[PDB]
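Heads up, the chain shows up twice below as structure tokens, two forms, tagged structure 1 and structure 2.
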Structure 1
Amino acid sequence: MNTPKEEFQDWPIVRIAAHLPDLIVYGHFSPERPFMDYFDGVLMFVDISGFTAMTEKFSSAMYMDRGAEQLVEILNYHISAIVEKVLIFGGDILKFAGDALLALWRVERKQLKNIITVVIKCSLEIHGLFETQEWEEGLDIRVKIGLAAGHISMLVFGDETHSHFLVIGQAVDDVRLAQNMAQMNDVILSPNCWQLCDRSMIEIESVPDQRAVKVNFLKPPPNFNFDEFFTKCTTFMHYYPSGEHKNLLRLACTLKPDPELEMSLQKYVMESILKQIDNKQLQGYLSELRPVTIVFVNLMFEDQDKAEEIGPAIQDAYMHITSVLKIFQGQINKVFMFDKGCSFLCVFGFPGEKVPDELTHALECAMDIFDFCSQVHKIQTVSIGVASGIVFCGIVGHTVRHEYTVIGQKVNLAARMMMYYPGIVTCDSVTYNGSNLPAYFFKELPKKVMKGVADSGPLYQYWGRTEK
């Protein structure tokens, strides 16, 4: 008998799993929402704003109407290489955003020490990818890495049709703080990461006015062999591709059809992405420079550190946010959470979802969300930033691990507005002027210098329909 080779691996379920971490793909959780679980791990936050600040230049006429296509191609070339490193070193890419990706090595508490060593080595090899790389003579193209370790909580929230997850807690807060302190080419360790790590392996230096540390060198003992050390470490890595599948970047490439599993996983993925996955839309349809309105919602909690309390609060907020977005065809593109609160990146005018009055409706949606979420138990402060303009949309990452993402100055602007103008709904000049709503519905705001934005233009508070 002949033995034709090659398992077929391109099923819809596999395509869906590309959009999700192993944390979710192999998770098998209870149906209750919210769902919380608790574990330990090492986190890596890779700041990629260096080359995703390239976006505004790809809107130039020099790119001849293929700005979006060129941008995704070059971004994916670089981001792919980072993803491959993470995956080969045993990590799980949790989410992508325009300015970062977050990766996790989940392990039993006793192995944190050795896993930190693995993650440091991975971090250094990532920097090594970019040592002599650039573009257009100028732009150097490099990254900044923060590492953290310790207790991690996971939250899954959603309804009967849509799901979202977050990791939260001090280690999560720590990784953001660490990455923020990094300069180009740095690997910064959280205080706890430094506490837990194998101090014989590395040389560090202090970070002024900070207990976090910078890794200067990974200098292992005389008879250390990283490959043998790594192999020992794989004992504790549940899904590391091995044996017959050692040639694959992800076990998830081996997923077989399973309608119950696919039902669960598809809830995390936007319907337009599922359309492409099902070969009912062209594979490049979602790469675009598109005018949109960003509504960036931040929720700050009464007790910032109590997972048992924040979980239900996020779920209650989510249920309202989704009902309000449905009414005006808005979408949640990402949910993020560090030390600054839980933020929902909402978008109006996505792929094939554009309708006029996007602006008045975006503001009215923001106010509804603001009013409702302000009365949610345990939510201390709600802040919403509204910015409108051309943004890049597309699927960013590696073939095996990628996500639909939005990138642009207006996304960053809305995100900064929600943090620098807490407790109110703010909007940019495009939104204010475009709405044609009466001027007394707004308050002209003081100009604030916000990290990452030059010339925001005049900013406004959406005060609402009444003096009240």
Structure 2
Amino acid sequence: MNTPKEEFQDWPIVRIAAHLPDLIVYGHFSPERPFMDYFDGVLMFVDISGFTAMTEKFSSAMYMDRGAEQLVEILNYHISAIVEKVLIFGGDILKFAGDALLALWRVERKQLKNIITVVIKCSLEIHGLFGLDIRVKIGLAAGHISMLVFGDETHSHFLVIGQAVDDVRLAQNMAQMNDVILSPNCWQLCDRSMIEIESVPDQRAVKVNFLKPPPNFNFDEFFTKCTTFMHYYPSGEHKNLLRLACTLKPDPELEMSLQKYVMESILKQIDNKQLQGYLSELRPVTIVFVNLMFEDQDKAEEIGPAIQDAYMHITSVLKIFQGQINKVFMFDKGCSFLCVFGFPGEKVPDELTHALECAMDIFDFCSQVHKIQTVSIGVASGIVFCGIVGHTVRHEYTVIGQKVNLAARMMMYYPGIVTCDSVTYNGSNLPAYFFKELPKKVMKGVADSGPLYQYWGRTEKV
């Protein structure tokens, strides 16, 4: 009796799970919303500097209208290799955001010290990897982490919250190119007999200099010991897989739950109802970057209800005005929503007008939500890259472009109001007196925005 070749089976549930971390795929938690979970771990925030400039250049004539295709190919070639290292070292990629990603090693408290060594080794190998134009910056943090799941009956989003989350982003902001920076708490928890550092001026964070193994040390045996604490590390018969999620089997309940995290247009491609090519594009869109600030951004039980409340309104008005949520995460002393007008399928004219009217609506509503202290919204329009970024086994739909960064910086440098760039202003059908021309601020990571405006809106205020 034959024992024939079992082909890898690429069920729709496996393709869906590629868009999600193990934290969701294997979480089995309540469908109640908001839902909050608490744990400990190590976080790693990896940023490629320089793709957003490459993006601009891929629209030029030399790319012969295949700029989107060239960009996604070169981006994924690099990002894939980072994703593989994270996964082989036992991490869960939580999220991609443009040309950056956030990874987690969830463990019990007593295992933090050793897992931190694993994550540093991983980070140093990633620095190893990387025309001669892009750099990799890495921030690490460790400690208590909260997760929030929010959403409605057909859509789900999650994000992580707390000091370690705030620290991982601060650490990465300080990294100079090719640095690995540890948060103060990470440095306090780590194996100081192995990890040599250098102080960072005016900071308590530190920079990794090198690993100093002791005399008997064997990294592979140490790593094996740490894998005891890793619930989903592929092993035994599945030791040749990058993710245990590759072995998921059809299960309608689980798939119904997982699909709610993934955008319709991506589900259409998964279901072989649209060609893959269509979702990689360099197209004019409008970004609406919404920031919600709280008194205490580290306290999930406080902020969770508020984010849910805001989300319910946001999703409704985005649908009316033809926009979509691309990403949600903690940033800017708050929860930020990256919303997009003009994604695959969602084109119109008066897209600009809509973006602005939607932004004012969100601003008015969210400003009255209990515990939301300040709302800021940045609106910017231009050509942006949209497509699936990452590895075959772990990837997500994302946007990359100078206008994405501009909207986020506007939102940060002009708090408490709705602002817009020049393209949005000049293109909208709205009267000029609905706007106010603003003082120009020097803004970290933007060479020249053109004039910026406040969208003051309809009735006068003075």
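Rigid core: the largest C-alpha set superposing within 1.5 Å between the two forms. Here, residue number means position along structure 1's sequence, counting from 1.
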- Query: If you line up the core, which of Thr254, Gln304, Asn216, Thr381 has a CA that moves 2 Å or more between the two structures?
  - Reply: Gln304
- Message: Taking the rigid core as the reference frame, tell me whether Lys95 has a CA displacement of 2 angstroms or more between the two structures.
- Response: no
- Message: Superposing on the rigid core, I want to see if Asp339 changes position between the two structures - specifically a Cα shift of 2 Å or more.
- Response: yes
- Message: Given a core-based superposition, decide whether the C-alpha of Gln409 shifts by 2 Å or more between the two structures.
- Response: no
- Note on the structure: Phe51: Cα shift between the two structures after core superposition, Å, came to 3.3
- Message: If I align on the rigid core, how far apart are the two C-alpha positions of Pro31 between the two structures? Answer in Å.
- Response: 1.5
- Query: Once you lay the two forms on top of each other by their rigid core, how far has the C-alpha of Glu108 moved between the two structures, in Å?
  - Reply: 0.4
